[PDB]
């Protein structure tokens, strides 16, 4: 057994056990492990699922705490809001560390090793996703900065995805889902959001009509969002 082999297995154990932080760590070793070559599809997916689950938990907590803050804030209960926001800060702190860790990994190892359209779009998308999560809770110039990095990353991913991957590709399809969610939720531009989602959903139907549980699911998400946003 090899060290890389070990960590990947360990990662999959972590996943089964649902200790995502440890899954992240294992996949992070594997990543920093090799240099010239890039992560396999399985590995690349384990690394993102790991992070997705680590960030996801804080994101859900953030939302919960956030809506609670909103309600107490509107009831004038100023002592409750102070405790909620103090708690929120703690959560926004972990969100920041999490995004930082993966964003560093992306620029240092991940992106520089992308040897194909598949991985380049996968990694550039990730870059956009994590700056997007930062933008979700920031406000001042911090938000602008994160929103800008997000846009830059997604555009870069789209250029490649648009010319190198099939419209039915799940990575390209997910890039569209997230890119349009970005326009709707961070840039509050439902128009640019629906266009993008629509075009992507359409191009996929076309190709599917002329020429995976994977892509099918992502497309369902695009519909749920096209629907929802039309209201």
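Only the largest set of C-alpha atoms that superpose within 1.5 Å between the two forms is called the rigid core. Numbering follows the first chain given and starts at 1.
Which is farther from the shown form in 7 other deposited structures of this protein in C-alpha RMS with the core fitted, 151 to 159 or 137 to 145?
Most displaced of the pair in 7 other deposited structures of this protein: 137 to 145.
Please figure out whether residue 211 and residue 212 are truly consecutive in the deposited sequence or have unmodelled residues between them, and give none, 1 to 3, 4 to 9, or 10 or more.
4 to 9 residues are missing.
In the PDB record, does 30 to 38 or 162 to 170 carry the higher mean Cα temperature factor?
That would be 30 to 38.
If you average the CA temperature factors as listed in the entry, which stretch comes out higher, 183 to 191 or 50 to 58?
Of 183 to 191 and 50 to 58, the stretch with the higher C-alpha B-factor average is 183 to 191.
Sorting 129, 136, 73, 92 by Cα temperature factor from the record, which one lands on top?
Highest C-alpha B-factor among the listed residues goes to 73.
From 105, 141, 151, 124, pick the one with the largest CA B-factor in the entry?
If I rank 105, 141, 151, 124 by C-alpha B-factor, first place goes to 141.
Which third, lowest, middle or highest, does the C-alpha temperature factor of residue 17 belong to within its own chain?
Lowest third - that is where residue 17 ends up once the chain's C-alpha B-factors are sorted.
Taking the chain's C-alpha temperature factors as the reference, tell me which third residue 200 falls into: lowest, middle or highest.
Top third by C-alpha B-factor.
Quick check on the deposited entry: does the C-alpha B-factor of residue 110 sit in the lowest, middle or highest third of its chain?
Its C-alpha B-factor belongs to the middle third of this chain's values.
Where does the C-alpha B-factor of residue 98 rank in its chain, lowest, middle or highest third?
Lowest third - that is where residue 98 ends up once the chain's C-alpha B-factors are sorted.
Sorting the chain's modelled residues by C-alpha B-factor, tell me whether residue 80 ends up in the lowest, middle or highest third.
Its C-alpha B-factor, which the entry lists for residue 80, ranks in the highest third among residues of this chain.
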